[PDB]
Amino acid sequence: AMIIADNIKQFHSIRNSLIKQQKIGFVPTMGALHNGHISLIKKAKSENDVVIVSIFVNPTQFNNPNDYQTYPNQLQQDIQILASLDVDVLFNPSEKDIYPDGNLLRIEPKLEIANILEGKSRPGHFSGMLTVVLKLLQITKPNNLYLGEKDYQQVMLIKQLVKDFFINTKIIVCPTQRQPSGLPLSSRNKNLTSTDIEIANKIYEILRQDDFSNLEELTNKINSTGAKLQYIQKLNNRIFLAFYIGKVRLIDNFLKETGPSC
């Protein structure tokens, strides 16, 4: 029953066949679906008549080229997951569909929350992300856009994007889905080896015990587990941090009063 649109020409046909009384929900992903994505999709199934899910590994938001090649790819598994959830339309475009002449016109963020944290650590990422989200919103034209809380700056920037370019879409932010240890579900965690999981469980054991009053002391407790902390910083009752376990980069953010709570 689920419609799969491999290119933008077929999607335009599907999208143009919907009338203005149908509530349309849109969940953009880069595939490799986990319960974090599924929590977003179930939220959209309950508030909308039509749920569109996009799968597109956007090259322009990958500052690290090795990250782009080793990004998890499980398309057939994702289609099975999406069909199980009764998703109406899957939008799975190619690079030349979204960038017919390459990346010539780009959204550039010139504000503070784009210059710190993920933006400071990932140059060019937010520009690539914002450009493709605008393209996808211009394509899908949804009533409701669903975003995960795990990418907090991404949520804030897209909220600014929808406002500044007058897109008539409501943004629904969903809580981060976590393993019992507190580790946020993430597609890149597929690359984590056996001991790597044990290392990540050590860190969140620490994070759930710490009051985050001494961030330098906490940095040492984290690096002792074998991971390499990239940054950790408090920003408005909310702790942001990113670290490396092996060749896998992990990010997380959470309230200070709760920690990585379940």
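The numbering used is simple: start at 1 and walk along the sequence shown.
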Greater mean Cα temperature factor according to the PDB record, 194-202 or 43-51 = 194-202
Of 14-22 and 242-250, the stretch whose C-alpha atoms average the higher B-factor in the entry = 14-22
Could you tell me which one of 29, 219, 35, 60 shows the highest CA temperature factor in the PDB record?
-> 219
Chain third (lowest, middle, highest) by recorded CA B-factor, residue given as residue 143 | middle
Tertile call for residue 153 (CA temperature factor, within chain, third-based) is the lowest
Record-listed C-alpha B factor of residue 111: chain third = highest
Thinking about Cα B factors across the chain, which third does residue 120 belong to?
-> highest
What third of the chain, by the recorded C-alpha B-factor, contains residue 177?
-> lowest
